[PDB]
Amino acid sequence: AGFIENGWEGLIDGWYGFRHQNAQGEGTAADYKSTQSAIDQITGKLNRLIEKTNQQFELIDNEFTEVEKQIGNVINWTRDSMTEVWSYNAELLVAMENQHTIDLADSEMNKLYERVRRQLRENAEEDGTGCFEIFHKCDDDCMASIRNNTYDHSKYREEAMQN
Amino acid sequence: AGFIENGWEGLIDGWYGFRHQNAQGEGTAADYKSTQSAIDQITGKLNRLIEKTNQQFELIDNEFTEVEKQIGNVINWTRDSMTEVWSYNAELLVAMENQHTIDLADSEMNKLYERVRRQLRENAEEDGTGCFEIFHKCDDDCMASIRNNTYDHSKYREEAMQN
Amino acid sequence: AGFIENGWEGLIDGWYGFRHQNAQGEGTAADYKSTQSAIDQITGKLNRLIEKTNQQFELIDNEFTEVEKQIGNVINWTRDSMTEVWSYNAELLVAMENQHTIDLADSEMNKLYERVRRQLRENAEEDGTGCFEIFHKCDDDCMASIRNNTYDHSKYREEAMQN
Amino acid sequence: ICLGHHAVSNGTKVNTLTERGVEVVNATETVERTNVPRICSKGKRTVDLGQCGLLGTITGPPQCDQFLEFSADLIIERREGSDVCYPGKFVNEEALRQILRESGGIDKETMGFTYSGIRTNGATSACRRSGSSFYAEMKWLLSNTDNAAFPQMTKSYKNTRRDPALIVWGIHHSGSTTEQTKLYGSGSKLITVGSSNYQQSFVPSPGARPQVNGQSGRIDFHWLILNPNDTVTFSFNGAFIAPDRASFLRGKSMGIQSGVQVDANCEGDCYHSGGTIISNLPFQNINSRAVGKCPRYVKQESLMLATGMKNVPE
Ligand SMILES: *[C@@H]1O[C@H](CO)[C@@H](O)[C@H](O)[C@H]1NC(C)=O
Ligand SMILES: *[C@@H]1O[C@H](CO)[C@@H](O)[C@H](O)[C@H]1NC(C)=O
Ligand SMILES: *[C@@H]1O[C@H](CO)[C@@H](O)[C@H](O)[C@H]1NC(C)=O
Ligand SMILES: *[C@@H]1O[C@H](CO)[C@@H](O)[C@H](O)[C@H]1NC(C)=O
Ligand SMILES: *[C@@H]1O[C@H](CO)[C@@H](O)[C@H](O)[C@H]1NC(C)=O
């Protein structure tokens, strides 16, 4: 997500998609495997995080009738230290899991990018902006064949080597 | 470990290795540098994790004769809060270091993969399943040279460009 | 920073740079975008991290006239547990952010390398030592065009395809 | 071309999740070690109690007259600061000290206690400035002239202010029963202190004690906190150190226990016995008991946060 100029706004159903701009026309489709894996990983991370505590805490301090002042300050200081360390742990965890979510999105993105590279030996190459320059013409069949991960490159090699 | 269909079960000595399927036959070998780096990093992580603490706690509550109920409940609540924060920190640490070890294995695999593609400029290309398609004939000396990081691609370029 | 043999000592102003060693002469220049992004990310991490607490504690113990020994032991044990958990959190913090800073520097290096290889379709090829081999001759304008992220690979293809 | 990064001959060793002591081009501090050995607190009101003590500000021994009723946003106590002139302890000592630390200063106002036909000017050889005297806001209620009965007194004081008052009174356990009869007379003296939330009562107990500050008997100062529109009745038959003035809280402050001198050359945040921890780092390793909004304590001597890349020498 670093070498791309901008993200698409018309991509609604899928997180990661595909555009063609071939001679047949213009089409914007959505990949399924990469976005399913990304949503599965992130939802698993959420389900790990979204978990109410098992440990049961009781009332240690009285709001109405104030407890003895020494033990009251001891309880207040213990609760304040626990509150500070919990706020610290919460902000640290939120920051690093947002970082890991962004890195996971980038990892799924360039994993799809590198698997598209692997599917296209020399029939296509990158432009640096996230697009692949196809060296063969197909009537929107090889578009879906790249999309469906059922692309055969060896039959398209002879007309793409000389170009 | 992303583009590979399945990991090898016949590899025992190392962690990352090579399969041959050449004209001489079929053979399995084990890389040494990448697995040494991975095991060194993971064992260093274990060494910095597997450490008995220096802080020496004292007995604050009495198991046999119960202490005064107010200060005893304060001790119980402090111990329960510290148990909860230590359990949360333990889950956090275990989860993030398991993620980091998985990502470290993936990154060591990726580093070996990119260094193999860097060794062989055009003599071999990926297929998407983790293999490299050699475009020259060589009887186990070139492949061991690939393993030994002593591959001389300059004397193999002439017969691999036209293919 | 994996495939690179060593870091340059003469690169002073920039973190990530460029060496050409072309026929025109010798010169070590510095990239600006990658090092600016890396320093911005690391300084943002520091500004997130270097932050005095907004919560103000009070004196719970007494240095001069020692408090009652039971509540004194409770305060000492609570402070020791808080000190131990803060020390563990601090060393975990330092370890994982040093790991993330090293990984961020490696990722910025990899992103710069990949964007250079994306600018250089076939006119240049990778080496494995972090260098690029050029199939065309060009006098310090192409090199700056690579540095300025304004490379025009369209009109270098005719003399570099056969090489 | 050749593409690469920068490095230095001498970098920094930092700790990392995989390897310990890895070499980086540059690194920064996260655990502060440099401690300012001065309580530098410019921008806030401060009082240096010195040879006076924080709890001595209430009762008023000779060392604590200057800071008898003060006002500050920072209170500083010293080890040499004594809380009492006539010897004796404080019940709930740390509770009263922590109340005074958050007082923001204290204000003394008279209770209007009128005593009829009974000598009230206490005088001890220990609590002395120029002659035999006693505390500032405490009145030692002796007998009339000599061994004589002490009439039962019922003195009621009502806190009419809008803030919760603080009342400190004293109990005299004489050095002997004969001394107690000299000062208050024969009979079992019994004293009750009554409030809405306070009803504790107690009996003075004469007996021999070691000579502390050149005196035998000990006076224990009890205390309570009065809510607004609440009254305290002292019903004492004898042997009472009556409160002439009630102490009132002023605002919010924080109390430190240091031993270094005070200046105004900083913007300090937290303080301790070694001085001031002025820094912006998240962690510190100077004192475990630094109080204020500042870095937290850690067990490690030093942690290096890698600011630069992992460098390899050429
Ligand atoms: C302790 O904290 C509670 C808030 O959680 C506060 O209402 C209470 O006044 C505090 N106690 C003292 C003695 O400051
Ligand atoms: C405090 O915890 C211990 C075990 O950790 C338990 O045996 C004890 O009963 C608890 N005290 C109270 C008052 O519940
Ligand atoms: C509590 O810890 C402090 C240092 O933080 C130490 O000076 C004191 O002696 C300890 N108290 C006891 C009772 O050990
Ligand atoms: C290295 O880091 C320190 C942080 O203490 C900083 O003051 C210094 O300017 C840095 N040096 C360079 C060359 O970045
Ligand atoms: C306290 O008493 C005064 C006078 O009787 C009255 O004006 C005020 O409202 C009372 N306050 C409370 C809290 O009862």
# chains A, B, ... in the order shown; residues from 1 in each chain; ligands from 1
$ select_by_dssp --residues "range 5-117 of chain B" --states "strand (DSSP E)" --output "ChimeraX atom specification"
/B:17-19,28-30
$ write_last_selection --atoms "N, CA, C and O atoms" --output "CSV table (one decimal), in the first residue's frame"
chain,number,residue,atom,x,y,z
B,17,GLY,N,15.3,-26.0,3.3
B,17,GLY,CA,16.1,-26.9,2.4
B,17,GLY,C,15.7,-26.7,0.9
B,17,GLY,O,15.1,-25.8,0.5
B,18,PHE,N,16.2,-27.7,0.2
B,18,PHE,CA,16.0,-27.7,-1.3
B,18,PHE,C,15.7,-29.1,-1.8
B,18,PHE,O,16.1,-30.1,-1.2
B,19,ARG,N,14.9,-29.2,-2.8
B,19,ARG,CA,14.6,-30.4,-3.6
B,19,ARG,C,15.2,-30.3,-5.0
B,19,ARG,O,15.3,-29.2,-5.5
B,28,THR,N,17.1,-34.5,-1.7
B,28,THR,CA,16.7,-33.5,-0.8
B,28,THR,C,18.0,-33.1,0.0
B,28,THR,O,18.8,-33.9,0.5
B,29,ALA,N,18.2,-31.8,0.1
B,29,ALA,CA,19.3,-31.2,0.9
B,29,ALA,C,18.7,-30.1,1.8
B,29,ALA,O,17.6,-29.7,1.7
B,30,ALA,N,19.6,-29.8,2.8
B,30,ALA,CA,19.2,-28.8,3.8
B,30,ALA,C,20.1,-27.6,3.8
B,30,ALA,O,21.3,-27.8,3.8
$ interface_residues --of "chain A" --to "chain B" --cutoff "8 Å" --atoms "only C-alpha atoms" --output "number ranges by chain"
A: 55, 57-58, 60, 71, 75, 78, 82, 86, 111, 115, 118-119, 121
$ interface_residues --of "chain D" --to "chain C" --cutoff "6 Å" --atoms "only C-alpha atoms" --output "MDAnalysis selection string"
chainID D and resid 1:8 15:17 79 280:282 291:294 297:299 305:306 309:310 312 314
$ residues_around --residues "residue 153 in chain C" --least-positions-apart "3" --cutoff "7 Å" --atoms "only C-alpha atoms" --output "PyMOL selection string"
chain C and resi 120+156-157
$ residues_near_ligand --ligand "ligand 4" --cutoff "6 Å" --atoms "only C-alpha atoms and all ligand atoms" --output "ChimeraX atom specification"
/D:26-28
$ write_last_selection --atoms "N, CA, C and O atoms" --output "mmCIF file, in the first residue's frame"
data_model
loop_
_atom_site.group_PDB
_atom_site.id
_atom_site.type_symbol
_atom_site.label_atom_id
_atom_site.label_comp_id
_atom_site.auth_asym_id
_atom_site.auth_seq_id
_atom_site.Cartn_x
_atom_site.Cartn_y
_atom_site.Cartn_z
ATOM 1 N N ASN D 26 22.272 4.637 15.964
ATOM 2 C CA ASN D 26 21.977 5.634 16.983
ATOM 3 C C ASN D 26 20.849 5.126 17.866
ATOM 4 O O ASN D 26 19.981 4.375 17.416
ATOM 5 N N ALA D 27 20.870 5.553 19.126
ATOM 6 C CA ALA D 27 19.853 5.141 20.083
ATOM 7 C C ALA D 27 19.675 6.238 21.119
ATOM 8 O O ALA D 27 20.578 7.043 21.361
ATOM 9 N N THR D 28 18.498 6.252 21.734
ATOM 10 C CA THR D 28 18.118 7.259 22.710
ATOM 11 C C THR D 28 17.838 6.611 24.059
ATOM 12 O O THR D 28 17.738 5.385 24.188
#
$ atom_distance --atom1 "CA of residue 172 in chain D" --atom2 "CA of residue 88 in chain D"
8.9 Å
$ residues_around --residues "residue 43 in chain D" --least-positions-apart "3" --cutoff "12 Å" --atoms "only C-alpha atoms" --output "VMD selection string"
chain D and resid 40 46 72 to 74 263 to 269
$ write_last_selection --atoms "C-alpha atoms" --output "PDB file, in the first residue's frame"
ATOM      1  CA  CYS D  40      13.823  23.080  42.017  1.00  0.00           C
ATOM      2  CA  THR D  46       6.578  25.907  48.308  1.00  0.00           C
ATOM      3  CA  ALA D  72       1.686  26.238  49.591  1.00  0.00           C
ATOM      4  CA  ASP D  73       1.234  24.026  46.551  1.00  0.00           C
ATOM      5  CA  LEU D  74       4.252  21.963  47.666  1.00  0.00           C
ATOM      6  CA  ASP D 263      15.667  26.740  44.609  1.00  0.00           C
ATOM      7  CA  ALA D 264      13.491  27.971  41.724  1.00  0.00           C
ATOM      8  CA  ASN D 265      15.581  27.149  38.648  1.00  0.00           C
ATOM      9  CA  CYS D 266      13.358  24.482  37.056  1.00  0.00           C
ATOM     10  CA  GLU D 267       9.883  23.336  36.104  1.00  0.00           C
ATOM     11  CA  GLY D 268       9.797  20.340  38.412  1.00  0.00           C
ATOM     12  CA  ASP D 269       7.297  17.493  38.289  1.00  0.00           C
TER      13      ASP D 269
END
$ residues_near_ligand --ligand "ligand 5" --cutoff "10 Å" --atoms "only C-alpha atoms and all ligand atoms" --output "short mmCIF file (atom, residue, chain, number, x, y, z; two decimals) with N, CA and C atoms, in the first residue's frame"
data_model
loop_
_atom_site.label_atom_id
_atom_site.label_comp_id
_atom_site.auth_asym_id
_atom_site.auth_seq_id
_atom_site.Cartn_x
_atom_site.Cartn_y
_atom_site.Cartn_z
N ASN D 159 -18.28 23.43 63.90
CA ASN D 159 -17.64 23.87 62.66
C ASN D 159 -18.71 24.47 61.76
N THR D 160 -18.75 25.80 61.70
CA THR D 160 -19.75 26.51 60.91
C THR D 160 -19.27 26.84 59.50
N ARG D 161 -18.05 26.47 59.14
CA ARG D 161 -17.53 26.77 57.82
C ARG D 161 -18.07 25.79 56.78
N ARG D 162 -17.72 26.03 55.52
CA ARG D 162 -18.16 25.21 54.40
C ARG D 162 -17.13 24.18 53.99
N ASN D 227 -17.10 17.41 59.52
CA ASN D 227 -17.88 17.85 58.38
C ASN D 227 -18.48 19.22 58.68
N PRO D 228 -18.89 19.96 57.65
CA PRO D 228 -19.61 21.22 57.89
C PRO D 228 -20.92 20.98 58.63
N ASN D 229 -21.29 21.96 59.46
CA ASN D 229 -22.47 21.90 60.33
C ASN D 229 -22.43 20.68 61.25
N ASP D 230 -21.27 20.45 61.85
CA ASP D 230 -21.07 19.37 62.80
C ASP D 230 -20.29 19.90 64.00
#
$ select_by_dssp --residues "range 61-292 of chain D" --states "helix (DSSP H, G or I)" --output "PyMOL selection string"
chain D and resi 62-64+93-101+177-183
$ atom_distance --atom1 "CA of residue 148 in chain C" --atom2 "CA of residue 117 in chain B"
27.7 Å
$ residues_around --residues "residue 14 in chain D" --least-positions-apart "4" --cutoff "6 Å" --atoms "only C-alpha atoms" --output "compact mmCIF listing (two decimals) with N, CA and C atoms, in the first residue's frame"
# COMPACT_ATOMS: atom_id res chain seq x y z
N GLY D 21 21.76 -6.98 22.88
CA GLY D 21 22.99 -6.28 22.61
C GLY D 21 23.31 -6.20 21.14
N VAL D 22 22.35 -5.76 20.34
CA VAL D 22 22.52 -5.62 18.90
C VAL D 22 22.98 -4.20 18.61
N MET D 304 18.11 1.24 26.16
CA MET D 304 18.38 2.03 24.96
C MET D 304 17.29 1.74 23.93
$ residues_around --residues "residue 152 in chain D" --least-positions-apart "3" --cutoff "10 Å" --atoms "only C-alpha atoms" --output "list in words"
residues 149, 155, 189, 190, 191, 235, 236, 237 and 238 of chain D
$ atom_distance --atom1 "CA of residue 104 in chain D" --atom2 "CA of residue 71 in chain D"
5.8 Å
$ residues_around --residues "residue 47 in chain D" --least-positions-apart "4" --cutoff "12 Å" --atoms "only C-alpha atoms" --output "PyMOL selection string"
chain D and resi 39+41+52-54+57+66-78+101+104-105+253-257+261-263
$ closest_atom_pairs --of "chain D" --to "ligand 3" --cutoff "10 Å" --atoms "only C-alpha atoms and all ligand atoms" --output "CSV"
residue,atom,partner,partner_atom_place_in_ligand_line,distance
D:287,CA,ligand 3,5 (O),7.3
D:288,CA,ligand 3,5 (O),5.1
D:289,CA,ligand 3,5 (O),5.7
D:290,CA,ligand 3,5 (O),9.3
$ closest_residue --among "D:128, D:38, D:103, D:192" --to "ligand 1" --atoms "only C-alpha atoms and all ligand atoms"
D:103
